[PDB]
Amino acid sequence: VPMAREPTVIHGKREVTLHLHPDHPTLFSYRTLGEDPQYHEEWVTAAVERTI
Amino acid sequence: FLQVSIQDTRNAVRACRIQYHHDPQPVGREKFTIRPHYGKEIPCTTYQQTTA
Amino acid sequence: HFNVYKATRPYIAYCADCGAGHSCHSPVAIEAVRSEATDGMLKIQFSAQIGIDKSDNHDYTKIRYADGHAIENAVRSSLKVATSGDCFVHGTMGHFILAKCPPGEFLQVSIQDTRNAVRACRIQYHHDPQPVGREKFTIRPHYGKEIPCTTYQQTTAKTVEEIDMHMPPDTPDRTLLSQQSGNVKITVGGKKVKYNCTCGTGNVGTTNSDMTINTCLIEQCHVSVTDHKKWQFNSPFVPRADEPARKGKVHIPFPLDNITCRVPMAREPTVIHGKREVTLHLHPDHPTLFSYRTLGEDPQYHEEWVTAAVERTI
Amino acid sequence: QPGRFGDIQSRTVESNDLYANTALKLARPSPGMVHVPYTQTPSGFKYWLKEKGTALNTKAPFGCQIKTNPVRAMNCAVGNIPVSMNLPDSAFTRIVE
Amino acid sequence: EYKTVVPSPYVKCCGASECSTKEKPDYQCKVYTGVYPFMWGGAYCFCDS
Amino acid sequence: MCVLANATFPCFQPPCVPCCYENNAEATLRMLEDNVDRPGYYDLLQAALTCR
Ligand SMILES: *[C@@H]1O[C@H](CO)[C@@H](O[C@@H]2O[C@H](CO)[C@@H](O[C@@H]3O[C@H](CO)[C@@H](O)[C@H](O)[C@@H]3O)[C@H](O)[C@H]2NC(C)=O)[C@H](O)[C@H]1NC(C)=O
Ligand SMILES: *[C@@H]1O[C@H](CO)[C@@H](O[C@@H]2O[C@H](CO)[C@@H](O[C@@H]3O[C@H](CO)[C@@H](O)[C@H](O)[C@@H]3O)[C@H](O)[C@H]2NC(C)=O)[C@H](O)[C@H]1NC(C)=O
């Protein structure tokens, strides 16, 4: 199986802006590792940007 | 759908059709189409040609 | 004439999957594909140059391809380039191919061997052409405007384009060692071979004739054919010879040039007058772009990709 | 910045200098093959082509068309044009006639 | 639009190589150890590791 | 304006005329590889592999 490219990270004040460049549908998910997590999951298709 | 056919003794085509919704998805988290020349090795399953 | 391709040979590269899902070295490996033409013509690049026979003579029926450091030839027919559908081959010279293909998610090239066995290599490629203009038509009509575009031409004149060629490395081979009884023979026939056998004293160097080492088995002796008379290519799938490299220059065929296309004109929409308002009926046959603006001090923008019959008020 | 408009820039079309920032990164080759793997952020110009958004031809006020080579705005109604004139005596007619 | 140039690798074996800097846009070079390459006729570079 | 070791001959008229490649292929290729950076490389190529 192939490995997708690393997304571009842009730091901020307690924030991260991610620029995503997929060649084909890939799955992107993140969680906050505190006491009450912030679940998320999505199927990325085209070039987008996310703030987490 | 899919169909199977082969020529008769008189060089006539004998065919039959059956409705079948085929849409495979490769194992992993990416919906690629053709294996690349650089990537990981993820376990899967397949039919083998041996007749034991 | 000039005949650049007299000092160039086909080569064997590594292919991801050869039409069946398995990886093996095939002589029809695909390099990068160029699709920088507006009308949608690709330039696939082989590893086995086509249009020139084995004897370095120009020919419209035979193609060259490498096979075990020995050049063979195959008929020009049965050269099939394909995608989700099936493509049409326009031009042909040397390594490069011109084609027009239907939309798909891959493409493959294949042509029969000497023994009539297909050799193929497919690469992942997302092809989705779009005609120049504001309508996404499929085929040209018999009545419409003329819009400039760009395309690849079939002339093979001076182009000012580059390919780097470098001398081929010493190809490994082990079918030449024939261990008979405590000794080996080295096969010849036009290949000056290299060897390195760490038994006893120095057993290194080159040769062009059979030898015997008489000391060890085939476990240490190995043969490296050192053909040094023809440039091959600068490909990432084949190693280099020396640190500073050598390099070379070769022009490519099919330069880019200006031509004109024909595009259809959509029907006139039906207007319905009102009190400082227009109701507009739209009847498209294929995705068209519709946009309007108010030509006052502060305009009111809009643009859209109309697909089916709609009704808009402006 | 990589991945957006202007990831590579040149001062002029024929200029020799070039500034490129596309985050090209190499990786260790897989065992038993010769392929030189690498990863790279896709081109920013191709991205800009797909999501530039609108234009000035369909956005300009006062209903004036924008054209190129050279860049200009045509038939663009705004303001007043003062006119200064100087006429000879041959244009007029004597009051007796 | 840009274009990535990737020259052929130089597998120096029974020895070692050192990377050399150059004045090229966004140049990248590295040297790896322990490769055992294979070709169609077999595997060259006698030295095992 | 091309160079061959210590020759310094015009690129239009190489000293190997005629049939530079046929007489000695390896010498001709190694001569070409030393003139890649010269502005008159293509004229030399036009004469190196041209003989009837
Ligand atoms: C298709 O046609 C267009 C327009 O005719 C071509 O674009 C033009 O190509 C010419 C090539 O000589 C450019 O001329 C250049 O102008 C600069 C200006 O300083 C000059 O320094 C150069 O020496 C050269 O003369 C021109 O700028 C360019 N653009 C225009 C006219 O708007 C295009 O190349 C054609 N496509 C082909 C032939 O594939
Ligand atoms: C023919 O094959 C033999 C295989 O033995 C090659 O011998 C190898 O030569 C290299 C080059 O000197 C040796 O590397 C050296 O290793 C020592 C440590 O042992 C290190 O201190 C040196 O700096 C150097 O890296 C290598 O050890 C040696 N092989 C063995 C098993 O000792 C020989 O070079 C081959 N011939 C040619 C022309 O390549």
# chains A, B, ... in the order shown; residues from 1 in each chain; ligands from 1
>>> closest_atom_pairs(of="chain D", to="chain A", cutoff="12 Å", atoms="only C-alpha atoms", output="CSV")
residue,atom,partner,partner_atom,distance
D:1,CA,A:8,CA,9.9
D:2,CA,A:8,CA,8.3
D:3,CA,A:21,CA,8.3
D:4,CA,A:19,CA,9.9
D:22,CA,A:8,CA,10.7
D:23,CA,A:8,CA,9.4
D:24,CA,A:5,CA,10.8
D:25,CA,A:5,CA,10.3
D:26,CA,A:5,CA,11.9
D:27,CA,A:3,CA,11.8
D:37,CA,A:3,CA,11.6
D:38,CA,A:5,CA,9.9
D:39,CA,A:5,CA,6.6
D:40,CA,A:5,CA,7.2
D:41,CA,A:5,CA,7.2
D:42,CA,A:21,CA,7.3
D:43,CA,A:21,CA,10.1
D:44,CA,A:21,CA,10.7
D:46,CA,A:47,CA,11.5
D:47,CA,A:47,CA,8.4
D:48,CA,A:47,CA,11.2
D:50,CA,A:47,CA,10.2
D:51,CA,A:47,CA,9.9
>>> write_last_selection(atoms="N, CA and C atoms", output="compact mmCIF listing (two decimals), in the first residue's frame")
# COMPACT_ATOMS: atom_id res chain seq x y z
N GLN D 1 5.59 30.01 -0.26
CA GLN D 1 5.27 28.86 0.57
C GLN D 1 4.84 27.67 -0.29
N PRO D 2 5.25 26.46 0.07
CA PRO D 2 4.94 25.30 -0.76
C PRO D 2 3.45 25.02 -0.82
N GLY D 3 3.00 24.55 -1.98
CA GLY D 3 1.63 24.13 -2.17
C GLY D 3 0.66 25.22 -2.56
N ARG D 4 1.08 26.48 -2.56
CA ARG D 4 0.22 27.61 -2.89
C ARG D 4 0.83 28.36 -4.07
N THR D 22 9.61 23.69 -2.32
CA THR D 22 8.55 22.70 -2.46
C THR D 22 8.68 21.56 -1.47
N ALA D 23 9.57 21.69 -0.48
CA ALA D 23 9.73 20.70 0.59
C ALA D 23 10.07 19.32 0.04
N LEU D 24 11.04 19.27 -0.87
CA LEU D 24 11.49 17.99 -1.41
C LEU D 24 12.27 17.24 -0.34
N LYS D 25 11.88 15.99 -0.10
CA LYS D 25 12.49 15.18 0.95
C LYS D 25 12.71 13.76 0.45
N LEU D 26 13.89 13.22 0.74
CA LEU D 26 14.25 11.88 0.29
C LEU D 26 13.93 10.85 1.37
N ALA D 27 13.90 9.58 0.96
CA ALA D 27 13.60 8.48 1.85
C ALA D 27 14.51 7.30 1.52
N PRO D 37 13.49 6.61 -3.86
CA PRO D 37 12.18 7.16 -3.50
C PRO D 37 12.30 8.60 -3.04
N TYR D 38 11.19 9.32 -3.15
CA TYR D 38 11.13 10.70 -2.68
C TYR D 38 9.67 11.09 -2.50
N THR D 39 9.46 12.18 -1.76
CA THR D 39 8.14 12.75 -1.57
C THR D 39 8.23 14.26 -1.74
N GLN D 40 7.15 14.86 -2.24
CA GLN D 40 7.18 16.27 -2.58
C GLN D 40 5.76 16.81 -2.62
N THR D 41 5.58 18.02 -2.09
CA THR D 41 4.27 18.66 -2.11
C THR D 41 3.89 19.02 -3.54
N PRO D 42 2.66 18.74 -3.97
CA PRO D 42 2.27 19.02 -5.36
C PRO D 42 2.46 20.48 -5.73
N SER D 43 2.40 20.73 -7.03
CA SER D 43 2.70 22.06 -7.55
C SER D 43 1.64 23.07 -7.11
N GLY D 44 2.10 24.27 -6.77
CA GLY D 44 1.19 25.33 -6.38
C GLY D 44 0.51 26.02 -7.54
N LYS D 46 -0.58 24.58 -10.37
CA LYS D 46 -1.73 23.77 -10.75
C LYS D 46 -2.87 23.94 -9.76
N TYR D 47 -2.55 24.06 -8.47
CA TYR D 47 -3.59 24.34 -7.48
C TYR D 47 -4.27 25.68 -7.73
N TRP D 48 -3.49 26.72 -8.03
CA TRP D 48 -4.04 28.04 -8.25
C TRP D 48 -4.96 28.05 -9.46
N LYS D 50 -7.02 25.79 -10.32
CA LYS D 50 -8.29 25.16 -10.00
C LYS D 50 -9.11 25.94 -8.98
N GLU D 51 -8.47 26.77 -8.14
CA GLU D 51 -9.21 27.52 -7.13
C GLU D 51 -8.77 28.98 -7.07
>>> closest_atom_pairs(of="chain C", to="ligand 2", cutoff="10 Å", atoms="only C-alpha atoms and all ligand atoms", output="JSON lines")
{"residue": "C:194", "atom": "CA", "partner": "ligand 2", "partner_atom_place_in_ligand_line": "38 (C)", "distance": 9.7}
{"residue": "C:195", "atom": "CA", "partner": "ligand 2", "partner_atom_place_in_ligand_line": "1 (C)", "distance": 8.3}
{"residue": "C:196", "atom": "CA", "partner": "ligand 2", "partner_atom_place_in_ligand_line": "1 (C)", "distance": 4.9}
{"residue": "C:197", "atom": "CA", "partner": "ligand 2", "partner_atom_place_in_ligand_line": "1 (C)", "distance": 6.6}
{"residue": "C:198", "atom": "CA", "partner": "ligand 2", "partner_atom_place_in_ligand_line": "3 (C)", "distance": 6.1}
{"residue": "C:199", "atom": "CA", "partner": "ligand 2", "partner_atom_place_in_ligand_line": "5 (O)", "distance": 9.6}
{"residue": "C:202", "atom": "CA", "partner": "ligand 2", "partner_atom_place_in_ligand_line": "1 (C)", "distance": 9.1}
{"residue": "C:203", "atom": "CA", "partner": "ligand 2", "partner_atom_place_in_ligand_line": "1 (C)", "distance": 8.5}
{"residue": "C:204", "atom": "CA", "partner": "ligand 2", "partner_atom_place_in_ligand_line": "38 (C)", "distance": 6.6}
{"residue": "C:205", "atom": "CA", "partner": "ligand 2", "partner_atom_place_in_ligand_line": "38 (C)", "distance": 7.9}
{"residue": "C:220", "atom": "CA", "partner": "ligand 2", "partner_atom_place_in_ligand_line": "2 (O)", "distance": 8.4}
{"residue": "C:221", "atom": "CA", "partner": "ligand 2", "partner_atom_place_in_ligand_line": "2 (O)", "distance": 9.2}
{"residue": "C:222", "atom": "CA", "partner": "ligand 2", "partner_atom_place_in_ligand_line": "2 (O)", "distance": 9.9}
>>> interface_residues(of="chain C", to="chain F", cutoff="9 Å", atoms="only C-alpha atoms", output="list in words")
residues 1, 2, 3, 4, 6, 7, 166, 167, 228, 229, 230, 231, 246, 247, 248 and 249 of chain C
>>> residues_near_ligand(ligand="ligand 1", cutoff="6 Å", atoms="only C-alpha atoms and all ligand atoms", output="count of residues only")
3
>>> select_by_dssp(residues="chain F", states="alpha helix (DSSP H)", output="list in words")
residues 20, 21, 22, 23, 25, 26, 27, 28, 29, 30, 31, 32, 41, 42, 43, 44, 45, 46, 47 and 48 of chain F
>>> atom_distance(atom1="atom CA of residue 113 of chain C", atom2="atom CA of residue 75 of chain C")
8.7 Å
>>> atom_distance(atom1="atom CA of residue 29 of chain E", atom2="atom CA of residue 171 of chain C")
25.5 Å
>>> interface_residues(of="chain B", to="chain C", cutoff="8 Å", atoms="only C-alpha atoms", output="ChimeraX atom specification")
/B:33-37
>>> write_last_selection(atoms="C-alpha atoms", output="PDB file, in the first residue's frame")
ATOM      1  CA  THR B  33      -5.943   1.581  -7.689  1.00  0.00           C
ATOM      2  CA  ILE B  34      -2.505   0.171  -8.590  1.00  0.00           C
ATOM      3  CA  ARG B  35       0.241  -0.907  -6.208  1.00  0.00           C
ATOM      4  CA  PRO B  36       3.204   1.500  -6.002  1.00  0.00           C
ATOM      5  CA  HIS B  37       6.949   0.821  -6.064  1.00  0.00           C
TER       6      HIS B  37
END
>>> residues_around(residues="residue 39 of chain A", least_positions_apart="6", cutoff="10 Å", atoms="only C-alpha atoms", output="compact mmCIF listing (two decimals) with C-alpha atoms, in the first residue's frame")
# COMPACT_ATOMS: atom_id res chain seq x y z
CA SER A 29 -8.75 11.54 11.91
CA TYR A 30 -7.53 13.18 15.10
CA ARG A 31 -8.29 13.13 18.81
CA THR A 32 -7.38 15.31 21.78
CA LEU A 33 -5.55 13.26 24.40
>>> closest_atom_pairs(of="chain A", to="chain B", cutoff="8 Å", atoms="only C-alpha atoms", output="JSON lines")
{"residue": "A:1", "atom": "CA", "partner": "B:39", "partner_atom": "CA", "distance": 5.4}
{"residue": "A:2", "atom": "CA", "partner": "B:39", "partner_atom": "CA", "distance": 4.5}
{"residue": "A:3", "atom": "CA", "partner": "B:39", "partner_atom": "CA", "distance": 5.8}
{"residue": "A:24", "atom": "CA", "partner": "B:32", "partner_atom": "CA", "distance": 6.4}
{"residue": "A:25", "atom": "CA", "partner": "B:31", "partner_atom": "CA", "distance": 5.6}
{"residue": "A:26", "atom": "CA", "partner": "B:30", "partner_atom": "CA", "distance": 4.7}
{"residue": "A:27", "atom": "CA", "partner": "B:29", "partner_atom": "CA", "distance": 5.9}
>>> residues_around(residues="residue 211 of chain C", least_positions_apart="4", cutoff="8 Å", atoms="only C-alpha atoms", output="PDB file with N, CA and C atoms, in the first residue's frame")
ATOM      1  N   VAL C 184      35.207 -23.837 -13.690  1.00  0.00           N
ATOM      2  CA  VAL C 184      34.135 -23.121 -14.366  1.00  0.00           C
ATOM      3  C   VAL C 184      34.625 -22.640 -15.725  1.00  0.00           C
ATOM      4  N   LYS C 185      33.680 -22.440 -16.638  1.00  0.00           N
ATOM      5  CA  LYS C 185      33.934 -21.798 -17.919  1.00  0.00           C
ATOM      6  C   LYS C 185      33.130 -20.508 -18.002  1.00  0.00           C
ATOM      7  N   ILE C 186      33.666 -19.530 -18.724  1.00  0.00           N
ATOM      8  CA  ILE C 186      33.013 -18.240 -18.914  1.00  0.00           C
ATOM      9  C   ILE C 186      32.536 -18.168 -20.357  1.00  0.00           C
TER      10      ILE C 186
END
>>> closest_residue(among="C:213, C:314, C:98, C:163", to="residue 200 of chain C", atoms="only C-alpha atoms")
C:213
>>> interface_residues(of="chain E", to="chain C", cutoff="6 Å", atoms="only C-alpha atoms", output="list in words")
residues 8, 9, 10, 41, 42 and 44 of chain E
>>> closest_residue(among="D:57, D:16, D:9, D:30", to="residue 45 of chain D", atoms="only C-alpha atoms")
D:9
>>> atom_distance(atom1="atom CA of residue 136 of chain C", atom2="atom CA of residue 284 of chain C")
11.0 Å
>>> residues_around(residues="residue 3 of chain F", least_positions_apart="5", cutoff="10 Å", atoms="only C-alpha atoms", output="count of residues only")
9
>>> interface_residues(of="chain C", to="chain D", cutoff="7 Å", atoms="only C-alpha atoms", output="VMD selection string")
chain C and resid 236 to 238 293 295 to 299 301
>>> closest_atom_pairs(of="chain E", to="chain D", cutoff="8 Å", atoms="only C-alpha atoms", output="JSON lines")
{"residue": "E:1", "atom": "CA", "partner": "D:45", "partner_atom": "CA", "distance": 5.7}
{"residue": "E:2", "atom": "CA", "partner": "D:43", "partner_atom": "CA", "distance": 6.8}
{"residue": "E:8", "atom": "CA", "partner": "D:36", "partner_atom": "CA", "distance": 7.9}
{"residue": "E:9", "atom": "CA", "partner": "D:36", "partner_atom": "CA", "distance": 6.8}
{"residue": "E:25", "atom": "CA", "partner": "D:20", "partner_atom": "CA", "distance": 5.8}
{"residue": "E:26", "atom": "CA", "partner": "D:20", "partner_atom": "CA", "distance": 5.9}
{"residue": "E:28", "atom": "CA", "partner": "D:25", "partner_atom": "CA", "distance": 7.1}
{"residue": "E:29", "atom": "CA", "partner": "D:26", "partner_atom": "CA", "distance": 7.8}
{"residue": "E:30", "atom": "CA", "partner": "D:26", "partner_atom": "CA", "distance": 7.7}
{"residue": "E:32", "atom": "CA", "partner": "D:28", "partner_atom": "CA", "distance": 7.1}
{"residue": "E:35", "atom": "CA", "partner": "D:31", "partner_atom": "CA", "distance": 6.7}
{"residue": "E:36", "atom": "CA", "partner": "D:32", "partner_atom": "CA", "distance": 5.6}
{"residue": "E:37", "atom": "CA", "partner": "D:32", "partner_atom": "CA", "distance": 4.6}
{"residue": "E:38", "atom": "CA", "partner": "D:32", "partner_atom": "CA", "distance": 5.4}
{"residue": "E:39", "atom": "CA", "partner": "D:33", "partner_atom": "CA", "distance": 7.9}
>>> residues_around(residues="residue 34 of chain E", least_positions_apart="4", cutoff="10 Å", atoms="only C-alpha atoms", output="JSON, numbers by chain")
{"D": [31], "E": [13, 47, 48, 49]}
>>> write_last_selection(atoms="N, CA and C atoms", output="PDB file, in the first residue's frame")
ATOM      1  N   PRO D  31      14.524  -2.492   0.569  1.00  0.00           N
ATOM      2  CA  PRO D  31      15.584  -3.481   0.344  1.00  0.00           C
ATOM      3  C   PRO D  31      15.428  -4.202  -0.988  1.00  0.00           C
TER       4      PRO D  31
ATOM      5  N   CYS E  13      29.955   0.381  -4.043  1.00  0.00           N
ATOM      6  CA  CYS E  13      29.940  -0.779  -3.167  1.00  0.00           C
ATOM      7  C   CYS E  13      31.334  -1.375  -3.027  1.00  0.00           C
ATOM      8  N   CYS E  47      30.200  -7.459  -2.073  1.00  0.00           N
ATOM      9  CA  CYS E  47      30.245  -7.162  -0.649  1.00  0.00           C
ATOM     10  C   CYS E  47      28.843  -7.231  -0.056  1.00  0.00           C
ATOM     11  N   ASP E  48      28.707  -7.987   1.035  1.00  0.00           N
ATOM     12  CA  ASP E  48      27.381  -8.349   1.524  1.00  0.00           C
ATOM     13  C   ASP E  48      26.663  -7.155   2.140  1.00  0.00           C
ATOM     14  N   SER E  49      27.361  -6.367   2.956  1.00  0.00           N
ATOM     15  CA  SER E  49      26.712  -5.273   3.668  1.00  0.00           C
ATOM     16  C   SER E  49      27.454  -3.954   3.489  1.00  0.00           C
TER      17      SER E  49
END
>>> select_by_dssp(residues="segment 171-213 of chain C", states="strand (DSSP E)", output="MDAnalysis selection string")
chainID C and resid 171:173 178:179 184:185 193:196 204:207
>>> write_last_selection(atoms="N, CA, C and O atoms", output="PDB file, in the first residue's frame")
ATOM      1  N   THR C 171      26.205  -4.973 -16.551  1.00  0.00           N
ATOM      2  CA  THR C 171      25.016  -5.740 -16.197  1.00  0.00           C
ATOM      3  C   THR C 171      25.401  -7.048 -15.516  1.00  0.00           C
ATOM      4  O   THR C 171      26.168  -7.833 -16.084  1.00  0.00           O
ATOM      5  N   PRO C 172      24.905  -7.314 -14.311  1.00  0.00           N
ATOM      6  CA  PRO C 172      25.151  -8.613 -13.678  1.00  0.00           C
ATOM      7  C   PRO C 172      24.545  -9.749 -14.482  1.00  0.00           C
ATOM      8  O   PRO C 172      23.504  -9.605 -15.125  1.00  0.00           O
ATOM      9  N   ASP C 173      25.218 -10.896 -14.433  1.00  0.00           N
ATOM     10  CA  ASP C 173      24.712 -12.100 -15.073  1.00  0.00           C
ATOM     11  C   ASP C 173      25.421 -13.306 -14.479  1.00  0.00           C
ATOM     12  O   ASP C 173      26.636 -13.297 -14.268  1.00  0.00           O
ATOM     13  N   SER C 178      29.403 -22.116 -15.838  1.00  0.00           N
ATOM     14  CA  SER C 178      29.058 -23.528 -15.974  1.00  0.00           C
ATOM     15  C   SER C 178      30.076 -24.340 -15.176  1.00  0.00           C
ATOM     16  O   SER C 178      31.165 -24.657 -15.655  1.00  0.00           O
ATOM     17  N   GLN C 179      29.710 -24.673 -13.941  1.00  0.00           N
ATOM     18  CA  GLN C 179      30.575 -25.484 -13.094  1.00  0.00           C
ATOM     19  C   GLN C 179      30.514 -26.941 -13.533  1.00  0.00           C
ATOM     20  O   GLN C 179      29.467 -27.585 -13.428  1.00  0.00           O
ATOM     21  N   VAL C 184      35.207 -23.837 -13.690  1.00  0.00           N
ATOM     22  CA  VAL C 184      34.135 -23.121 -14.366  1.00  0.00           C
ATOM     23  C   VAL C 184      34.625 -22.640 -15.725  1.00  0.00           C
ATOM     24  O   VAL C 184      35.826 -22.462 -15.949  1.00  0.00           O
ATOM     25  N   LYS C 185      33.680 -22.440 -16.638  1.00  0.00           N
ATOM     26  CA  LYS C 185      33.934 -21.798 -17.919  1.00  0.00           C
ATOM     27  C   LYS C 185      33.130 -20.508 -18.002  1.00  0.00           C
ATOM     28  O   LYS C 185      32.047 -20.403 -17.421  1.00  0.00           O
ATOM     29  N   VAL C 193      33.666  -9.677 -20.507  1.00  0.00           N
ATOM     30  CA  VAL C 193      33.117  -9.839 -19.166  1.00  0.00           C
ATOM     31  C   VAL C 193      34.151  -9.459 -18.116  1.00  0.00           C
ATOM     32  O   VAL C 193      35.365  -9.555 -18.331  1.00  0.00           O
ATOM     33  N   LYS C 194      33.657  -9.013 -16.968  1.00  0.00           N
ATOM     34  CA  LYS C 194      34.467  -8.764 -15.786  1.00  0.00           C
ATOM     35  C   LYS C 194      34.232  -9.876 -14.769  1.00  0.00           C
ATOM     36  O   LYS C 194      33.194 -10.542 -14.771  1.00  0.00           O
ATOM     37  N   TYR C 195      35.212 -10.079 -13.894  1.00  0.00           N
ATOM     38  CA  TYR C 195      35.112 -11.148 -12.910  1.00  0.00           C
ATOM     39  C   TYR C 195      35.930 -10.774 -11.684  1.00  0.00           C
ATOM     40  O   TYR C 195      36.867  -9.975 -11.753  1.00  0.00           O
ATOM     41  N   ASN C 196      35.556 -11.367 -10.551  1.00  0.00           N
ATOM     42  CA  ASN C 196      36.270 -11.177  -9.296  1.00  0.00           C
ATOM     43  C   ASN C 196      36.060 -12.403  -8.417  1.00  0.00           C
ATOM     44  O   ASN C 196      34.972 -12.601  -7.869  1.00  0.00           O
ATOM     45  N   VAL C 204      41.236 -10.969 -10.721  1.00  0.00           N
ATOM     46  CA  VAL C 204      40.403  -9.866 -11.178  1.00  0.00           C
ATOM     47  C   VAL C 204      40.889  -9.412 -12.547  1.00  0.00           C
ATOM     48  O   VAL C 204      42.013  -9.713 -12.959  1.00  0.00           O
ATOM     49  N   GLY C 205      40.033  -8.684 -13.251  1.00  0.00           N
ATOM     50  CA  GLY C 205      40.346  -8.177 -14.572  1.00  0.00           C
ATOM     51  C   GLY C 205      39.229  -8.448 -15.561  1.00  0.00           C
ATOM     52  O   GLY C 205      38.158  -8.947 -15.223  1.00  0.00           O
ATOM     53  N   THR C 206      39.505  -8.084 -16.809  1.00  0.00           N
ATOM     54  CA  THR C 206      38.578  -8.279 -17.912  1.00  0.00           C
ATOM     55  C   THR C 206      39.106  -9.338 -18.873  1.00  0.00           C
ATOM     56  O   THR C 206      40.263  -9.757 -18.809  1.00  0.00           O
ATOM     57  N   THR C 207      38.228  -9.768 -19.778  1.00  0.00           N
ATOM     58  CA  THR C 207      38.579 -10.778 -20.764  1.00  0.00           C
ATOM     59  C   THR C 207      37.527 -10.782 -21.862  1.00  0.00           C
ATOM     60  O   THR C 207      36.431 -10.240 -21.701  1.00  0.00           O
TER      61      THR C 207
END
>>> decode(residues="segment 30-42 of chain B", atoms="N, CA, C and O atoms", output="short mmCIF file (atom, residue, chain, number, x, y, z; two decimals), in the first residue's frame")
data_model
loop_
_atom_site.label_atom_id
_atom_site.label_comp_id
_atom_site.auth_asym_id
_atom_site.auth_seq_id
_atom_site.Cartn_x
_atom_site.Cartn_y
_atom_site.Cartn_z
N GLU B 30 -6.26 3.93 2.38
CA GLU B 30 -6.28 4.67 1.13
C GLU B 30 -6.96 3.84 0.05
O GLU B 30 -6.77 2.62 -0.02
N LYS B 31 -7.76 4.50 -0.78
CA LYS B 31 -8.48 3.83 -1.86
C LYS B 31 -7.70 3.99 -3.17
O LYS B 31 -8.16 4.61 -4.13
N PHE B 32 -6.51 3.41 -3.19
CA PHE B 32 -5.68 3.46 -4.38
C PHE B 32 -6.18 2.45 -5.41
O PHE B 32 -7.11 1.68 -5.17
N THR B 33 -5.54 2.44 -6.58
CA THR B 33 -5.94 1.58 -7.69
C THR B 33 -4.87 0.58 -8.09
O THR B 33 -5.17 -0.59 -8.34
N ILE B 34 -3.61 1.02 -8.16
CA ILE B 34 -2.50 0.17 -8.59
C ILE B 34 -1.38 0.27 -7.57
O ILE B 34 -1.06 1.36 -7.09
N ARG B 35 -0.78 -0.87 -7.24
CA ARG B 35 0.24 -0.91 -6.21
C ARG B 35 1.43 -0.03 -6.61
O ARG B 35 1.78 0.02 -7.79
N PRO B 36 2.05 0.66 -5.67
CA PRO B 36 3.20 1.50 -6.00
C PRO B 36 4.52 0.76 -5.84
O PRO B 36 4.54 -0.39 -5.39
N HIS B 37 5.62 1.41 -6.20
CA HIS B 37 6.95 0.82 -6.06
C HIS B 37 7.62 1.18 -4.75
O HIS B 37 8.78 0.81 -4.54
N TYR B 38 6.93 1.88 -3.85
CA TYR B 38 7.47 2.22 -2.54
C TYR B 38 6.32 2.38 -1.56
O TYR B 38 5.50 3.29 -1.72
N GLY B 39 6.26 1.51 -0.57
CA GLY B 39 5.19 1.58 0.40
C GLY B 39 5.36 0.55 1.49
O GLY B 39 6.42 -0.07 1.63
N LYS B 40 4.30 0.36 2.26
CA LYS B 40 4.28 -0.57 3.38
C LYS B 40 3.88 -1.96 2.90
O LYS B 40 3.63 -2.20 1.72
N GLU B 41 3.84 -2.89 3.85
CA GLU B 41 3.40 -4.27 3.60
C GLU B 41 2.31 -4.60 4.61
O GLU B 41 2.59 -4.87 5.78
N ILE B 42 1.07 -4.59 4.15
CA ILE B 42 -0.11 -4.82 4.99
C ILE B 42 -0.65 -6.21 4.69
O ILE B 42 -0.79 -6.56 3.51
#
